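Chains as they are written, first to last, in the authors' numbering: chain d, 1 to 554; chain A, 1 to 554; chain a, 1 to 554.
Note that the Cβ used here is the ideal one computed from N, Cα and C, for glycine as well.
Report on one structure; see the data block that follows.
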Ligand code: SF4
Ligand code: SF4
Ligand code: SF4
Ligand code: SF4
Ligand code: SF4
Ligand code: SF4
Ligand code: SF4
Ligand code: SF4
Ligand code: SF4
Ligand code: SF4
Ligand code: SF4
Ligand code: SF4
Ligand code: FES
Ligand code: FES
Ligand code: FES
């Protein structure tokens with residue numbers, strides 16, 4: 001399709017939604033602040049201005065036609081773009097040094113490139129809202145009111161706890177009545193953070209606490225989540241490698257970690273316990289369908305939204321809490337040191353794990369939760385060339401896991417691990433998987449001795465409401481709050497989009513492929529733990545089982 | 001240092017051996033056919049001609065002086081270089097399509113670049129020698145008489161079984177009296193092949209036998225050596241990856257391999273058996289010092305050169321033969337299929353393993369041995385993107401190994417594995433390692449209950465003669481024929497030089513770092529094999545022990 | 001679209017012609033020898049075999065269907081592919097060292113990758129045809145009978161002087177009765193060479209003559225064509241640069257060229273003379289339409305095919321011959337040296353220029369014509385880093401040209417230059433350009449004082465026949481034998497396809513953009529030449545005008 005841009009012949013696609021996208025797909029970029037994430041919409045920034053027929057208009061809302069002559073760069077357009085950018089910056093909290101988005105901020109880059117060196121306009125005061133009550137931290141002084149977070153929270157996560165409020169100069173994205181986020185129905189999934197193009201939404205940093213713990217004389221123990229190892233190479237701009245976790249082990253020992261364990265061992269433990277709980281439930285037809293309890297965002301969502309299903313939740317705690325309780329109540333004893341001597345650090349891809357660790361039912365097990373980004377900050381701070389670090393394995397006795405346990409890092413992993421345990425105990429004849437829609441997988445399972453069942457994997461909160469409204473023929477339901485599962489967790493490296501998450505899933509799959517242990521029962525250390533310290537039902541319930549309670553405001 | 005090249009000011013190093021090297025280090029390349037490998041010398045090709053003071057001379061033998069004016073490209077020099085290249089090509093066997101060096105041949109590249117399209121001179125007949133009696137294959141019709149192989153065999157391998165013979169136009173690199181290589185004292189290390197810049201020395205290809213076996217109805221079993229996985233990425237010009245072996249497993253299953261096992265499991269088995277043999281020898285002070293028998297080139301060298309030490313050789317067979325005997329005499333029975341139904345393929349970095357498999361003491365265990373280059377040819381033939389292949393583990397019950405077993409792939413690995421087994425059974429207090437010279441490491445070992453001993457690791461035949469002439473205070477000696485061990489084996493990808501071998505050793509070390517099994521006794525499958533099928537001493541001797549005999553001509 | 005390849009889920013395009021192309025577009029490569037150039041067709045090689053439904057078939061002729069399960073690599077397919085490649089090689093003239101396609105040959109690469117080291121079959125004798133009568137050189141011993149050249153010559157060039165002859169084992173691509181190519185109606189465009197995937201069709205190399213001339217005491221003068229500078233960077237795998245021609249000047253002076261002139265100066269001269277010839281013809285309505293005579297392939301084609309239009313041909317000689325005659329008959333005199341002392345080298349993108357230089361009407365003006373590939377061979381032979389060469393301008397007085405003269409290197413350049421000269425003398429009001437089809441541009445020209453005319457640019461012989469059969473309303477017709485003009489000449493670097501030719505045209509356009517002289521009359525040196533040595537009509541006719549004669553066989 002023939003169009004003229006700045007008096008030059010350009011061929012674009014025959015069918016395109018608007019001029020801006022067509023030029024972008026043909027390699028011509030128009031400055032703009034609307035396209036910021038996968039949840040973006042056009043029309044707000046007004047910087048995409050072009051001149052067609054001697055009149056200036058936004059190219060994001062212009063349908064191309066054959067023979068159109070467009071000037072993308074005129075003195076008038078230059079002045080208008082500079083004015084709009086200056087308008088944004090004048091009332092922007094310009095403190096990039098302490099900003100979470102520093103270095104990966106489109107606004108900072110435009111300020112650099114547009115040669116903005118003095119604020120011509122006035123930094124007129126706005127009634128800014130600062131919120132630090134939750135692991136998700138809000139600071140509206142940096143918000144550019146793009147609305148990406150509102151759409152993510154409403155349409156993708158199905159929560160909608162943040163909305164545009166007020167109007168005009170006092171327009172602000174905020175919770176109802178500016179309530180602290182920790183007191184709302186926010187599930188702390190961090191997806192809004194994953195999509196925010198500024199530092200307005202960020203993750204609470206806890207590096208200072210880790211440094212303090214490392215400097216003292218208490219025993220610091222780290223444990224790395226499955227999905228951390230499949231994504232942390234992005235922070236360093238290097239290709240994946242299945243040896244990433246062992247490089248992390250070496251780095252952590254270098255900076256003074258006493259032990260580093262693999263949370264995928266905890267995933268093996270959780271899948272082994274949950275398979276038995278589910279089998280008992282199926283045998284006595286009680287408390288069905290069973291919901292997995294490994295995603296704390298889903299758990300909080302259920303406590304807010306489905307108080308009737310709280311008993312249907314799996315009573316087994318998540319891998320982080322399970323492994324942490326083992327470390328604190330069994331390993332500490334086996335080591336001869338008081339539990340008060342152990343400082344347990346959990347490296348996770350998830351903001352909701354920070355909330356989970358601080359839950360009343362788990363108080364004092366996990367001392368701090370650091371996300372993949374915080375771990376990357378530790379590495380970058382050291383300036384060590386992580387890619388040249390010699391790998392070494394995780395520490396015994398919680399440093400080995402089956403590929404099924406490592407599979408927890410992506411949606412469907414825990415269900416696959418449960419099926420693996422069931423098959424290894426009570427064989428499975430066949431499994432018929434079906435995909436009703438984009439993020440829903442329904443599998444029919446027939447055991448050797450009958451008693452078939454259906455299980456579903458749902459990734460992305462918000463799909464849950466409709467699925468639960470239309471499917472009563474499923475016995476076990478796995479729910480992951482984040483699309484693609486934990487590889488797309490809120491604490492993962494930014495940018496955190498669909499293509500990057502798919503690549504992370506591929507990395508995790510390749511990492512699982514080099515593992516020789518196929519099922520949790522082939523984990524000799526897990527079997528030894530069960531045989532030595534989790535023999536009776538009472539001890540197992542105390543160590544690996546937790547409770548849930550309804551959540552309401554008044 | 002100021003010099004003028006083609007009327008241009010060039011600064012070179014103050015201290016340099018000759019003009020050619022100085023220009024090369026400053027980025028100026030002079031065409032030449034002398035620098036071909038790490039065993040090269042200057043003066044033979046005569047193509048490095050330059051004009052200094054109006055007279056033409058070789059730059060490889062010209063000491064630079066301040067203010068020298070050199071013309072590197074004159075019509076006269078052009079004619080002389082073209083004439084010399086045409087002289088080489090006229091009597092060269094020009095059949096690149098079936099040449100082993102096709103695509104990585106400097107002569108082929110020069111023929112392409114010099115625009116040689118017709119042989120002006122005459123392809124005058126030479127009494128060419130073709131030799132295909134050994135896995136190392138000779139074809140003097142391609143030899144450019146560079147002499148690199150003669151130097152490698154004499155000075156680096158200490159064998160010197162190939163030499164310049166005759167003179168003038170009939171000059172030829174050959175064995176004494178043109179004897180077949182298989183009937184000489186050649187140890188078949190393949191180092192000459194690793195250094196040859198043409199196809200004159202090549203490795204016998206056995207792909208057609210593998211295709212025939214795969215096409216039949218017999219069960220094809222593959223087993224991959226430790227050092228194959230640390231080097232095969234070079235053939236594809238991609239970065240290392242610790243997951244390489246599992247990608248190989250996936251590829252081999254794709255092209256119809258029934259099982260793929262890890263020869264490093266055989267390394268664990270061999271180290272476990274050899275540690276006990278050595279401990280018995282130390283206890284009764286008999287048959288010392290003990291020589292490792294894992295390198296077949298060293299074994300053949302000893303049979304030729306040290307008939308008095310043949311009893312001092314370890315009686316345990318090499319990992320290839322040990323694992324192959326297990327597969328043929330135990331696994332075949334456990335599978336319910338006759339041993340005649342199994343076709344056992346061994347993928348090795350070594351040409352001497354082809355000879356070893358065909359030895360009389362091993363006849364009919366290993367059906368074919370393919371080198372890393374042949375495996376790369378299989379992959380390239382398929383055109384499959386190996387880097388995108390999903391990894392999967394080795395097959396049970398011989399698909400797992402300790403890091404010590406995988407360490408066999410580089411010099412010192414078998415000694416380290418033996419020390420690991422001894423430590424796990426009879427603890428080791430300390431080990432004092434010393435390096436008398438470049439490829440010799442001497443370690444003092446003290447066990448818990450006294451009975452200390454010294455062991456040496458020697459890599460590179462030729463160092464052995466002098467070490468054995470000057471050290472009577474060592475109890476165990478590990479000998480690897482190839483410098484750096486098997487990462488620098490004759491069957492490894494070309495070019496095969498010191499820097500590449502060091503990088504391969506680094507890759508293998510990183511691969512060993514991600515392994516959770518530290519010692520052979522932690523290998524549950526190895527323990528189960530010993531407990532089920534290698535219980536009595538008679539069965540163990542029959543399965544894992546071999547004999548040696550003197551080698552002499554008459 | 002969901003398909004399974006080697007038991008793996010692959011998504012391909014919904015609408016695709018065959019499985020092979022679909023897999024290729026999805027990143028899966030199947031070995032094959034059918035896809036070799038832009039003139040290729042499927043079905044001949046038979047190496048693209050896949051297994052679908054347990055039966056083997058060619059993937060190039062398999063329409064994909066949803067759910068198809070295909071095995072691209074089975075032992076049976078492996079054997080068949082190896083057998084087919086061995087069948088090709090057995091009867092192939094395997095002399096890569098002296099082959100023109102050495103290093104860029106798909107067959108050589110497959111021989112390397114398939115591990116073919118011995119010809120199992122027999123090199124059964126074929127009645128091979130060797131032809132060296134023309135600058136296009138034929139050697140059927142290397143032909144793989146792909147048929148690409150037959151299609152190029154018939155359908156793209158509209159000549160069809162080469163065809164498949166005989167059948168079975170004696171099938172051969174040849175001229176009628178194996179007549180020498182120089183005695184046929186071949187126009188020597190070299191497009192068949194540009195498309196041939198082997199060395200069966202090559203360009204006659206003339207480097208040895210240049211070396212001989214440079215070594216003697218005669219004055220060697222070089223002149224570089226416009227399109228040589230826009231394409232020679234491909235041989236060195238480096239990005240374009242508008243300074244390429246001046247680097248060539250520096251390199252040529254380094255290897256002993258006395259002078260280097262710019263043939264684009266000759267293009268300015270030719271356009272200036274041809275504009276006046278055309279204006280006279282228009283004024284007296286004689287010998288119309290005028291055909292440009294700058295493309296010698298077109299000239300030979302007309303002499304064979306349109307003896308009635310020979311008077312309609314422009315009588316002005318081509319830029320090479322015009323500039324060469326100036327150098328030999330004017331510059332030699334101005335230099336004080338006999339014309340016999342000058343050796344004139346022409347660097348061209350064209351094989352037909354080699355023929356033109358040897359024409360009877362031009363005998364002894366241009367001593368040798370070397371193509372871009374031969375010039376690249378000179379550079380590579382020197383091993384000089386051409387990208388680091390300091391540029392220097394062309395030599396006076398023929399080293400400067402207008403952008404219009406440099407534009408000759410791509411189709412439409414000479415017409416644009418003629419229009420530029422006419423406009424600078426007799427202004428042009430407007431020009432209305434129209435594109436009846438892919439390689440035809442028709443422009444309406446109105447001068448200031450009326451007398452409008454139409455001119456057409458046709459690139460790619462074969463379009464000419466139909467255009468001349470349907471357009472009698474054009475006064476001037478520019479014909480270029482090669483698609484895109486001289487940037488796609490037969491002597492250009494290989495591969496020589498549409499995308500590469502378009503990129504070369506872009507490079508030439510960028511080179512023209514940095515030129516400050518807009519029209520030939522702004523060339524002060526050209527004006528001085530006309531004023532000093534081309535004053536009278538007789539001298540101008542003798543120096544810049546040539547004749548044509550009919551071509552027929554009997
Ligand atoms: S969002 Fe942060 S990094 Fe970007 S401009 Fe504002 S303060 Fe700077
Ligand atoms: S963390 Fe999740 S639920 Fe909470 S505001 Fe952000 S997107 Fe909404
Ligand atoms: S918080 Fe971030 S994503 Fe939400 S509107 Fe503000 S800038 Fe946009
Ligand atoms: S899906 Fe994973 S990353 Fe996302 S909230 Fe749940 S546990 Fe955290
Ligand atoms: S050594 Fe082999 S590849 Fe090199 S020129 Fe000779 S035949 Fe060709
Ligand atoms: S294989 Fe080794 S011993 Fe034999 S000729 Fe070559 S370098 Fe010498
Ligand atoms: S065999 Fe190879 S290395 Fe030895 S002299 Fe001949 S070309 Fe050189
Ligand atoms: S060192 Fe390794 S590669 Fe070299 S000969 Fe010995 S076993 Fe073979
Ligand atoms: S076409 Fe030339 S380069 Fe290709 S295989 Fe034949 S001889 Fe070798
Ligand atoms: S040079 Fe042109 S006309 Fe001659 S055979 Fe080749 S394609 Fe045909
Ligand atoms: S001459 Fe070249 S293009 Fe023509 S059929 Fe033979 S190989 Fe193919
Ligand atoms: S178009 Fe140019 S390259 Fe092609 S034949 Fe004509 S003059 Fe030669
Ligand atoms: S891109 Fe933001 S308004 Fe057009
Ligand atoms: S480099 Fe070979 S003789 Fe100088
Ligand atoms: S690609 Fe050649 S026959 Fe299919």
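What is the C-beta distance between residue i and residue j, in whole angstroms, given that I count them as a contact (C-beta under 8 Å)?
i	j	result
residue 110 of chain d	residue 299 of chain d	At roughly 40 Å, the Cβ-Cβ gap does not stay under 8 Å, so residue 110 of chain d and residue 299 of chain d are not in contact.
residue 526 of chain d	residue 520 of chain d	6 Å
residue 400 of chain a	residue 262 of chain a	7 Å
residue 405 of chain a	residue 271 of chain a	6 Å
residue 149 of chain a	residue 195 of chain a	6 Å
Starting from residue i, find everything on chain A with Cβ-Cβ shorter than 9 Å and list it in chain order.
i	result
residue 4 of chain a	The premise fails here: residue 4 of chain a is roughly 13 Å from chain A at the closest Cβ pair, so nothing lies under 9 Å.
residue 399 of chain d	516
Could you list which residues in chain d have their beta carbon closer than 8 Å to that of residue i, in chain order?
i	result
residue 391 of chain A	242, 510, 513 and 514
residue 239 of chain A	239
Could you pull the DSSP bridge partners for residue i from this structure?
i	result
residue 262 of chain a	a/224
residue 198 of chain a	The partner list for residue 198 of chain a (beta bridge, DSSP) is empty, contrary to what the question assumes.
residue 565 of chain d	In this structure chain d extends from 1 to 554, so residue 565 of chain d is not present and cannot be described.
residue 26 of chain a	Residue 26 of chain a pairs with nothing; no bridge assigned.
Anything in chain A within Cβ reach of residue i, meaning under 7 Å, just list it in chain order.
i	result
residue 47 of chain a	Per Cβ cutoff of 7 Å: no residues; residue 47 of chain a is ~11 Å from chain A at best.
residue 42 of chain a	Those within 7 Å of residue 42 of chain a in chain A number zero; the least Cβ separation is about 17 Å.
Residues of chain A with CB under 8 Å from residue i, in chain order?
i	result
residue 100 of chain a	117
Could you tell me which chain d residues have their CB closer than 7 Å to the CB of residue i, listed as they occur along the chain?
i	result
residue 556 of chain A	What the structure shows of chain A is the stretch from 1 to 554, and residue 556 of chain A is not part of that stretch, so it cannot be assessed.
- Query: With a cut-off of 8 Å, do at least 3 Cβ pairs link the stretch 276-287 of chain A to the stretch 322-332 of chain A?
  - Reply: Result no; under three Cβ-Cβ pairs closer than 8 Å.
- Could you name the residues whose beta carbon sits closer than 5 Å to any heavy atom belonging to ligand 1, keeping them in chain order? Neighbourhood of ligand 1, defined by CB distance below 5 Å to any of its heavy atoms: d/96, d/99, d/101, d/102, d/105, d/107, d/108, d/142, d/198 and d/199, in chain order.
- Query: With a cut-off of 8 Å, do at least 3 Cβ pairs link the stretch 463-478 of chain A to the stretch 75-90 of chain A?
  - Reply: No contact exists between the stretch 463-478 of chain A and the stretch 75-90 of chain A.
- Message: Counting beta carbon pairs with one atom in the stretch 111-124 of chain d and one in the stretch 10-28 of chain d, are three or more of them shorter than 8 Å?
- Response: With contact defined as three or more Cβ pairs closer than 8 Å, the stretch 10-28 of chain d and the stretch 111-124 of chain d are not in contact.
- Message: Using a strict less-than 7 Å threshold between each residue's beta carbon and the heavy atoms of ligand 13, what residues do you get?
- Response: Those residues, listed in chain order, are d/20, d/32, d/33, d/34, d/35, d/42, d/43, d/44, d/45, d/46, d/47, d/48, d/58, d/59, d/60 and d/61.
- Query: Should the stretch 478-489 of chain d be called in touch with the stretch 373-389 of chain d, which here means at least 3 C-beta pairs below 8 Å?
  - Reply: No, they do not touch.
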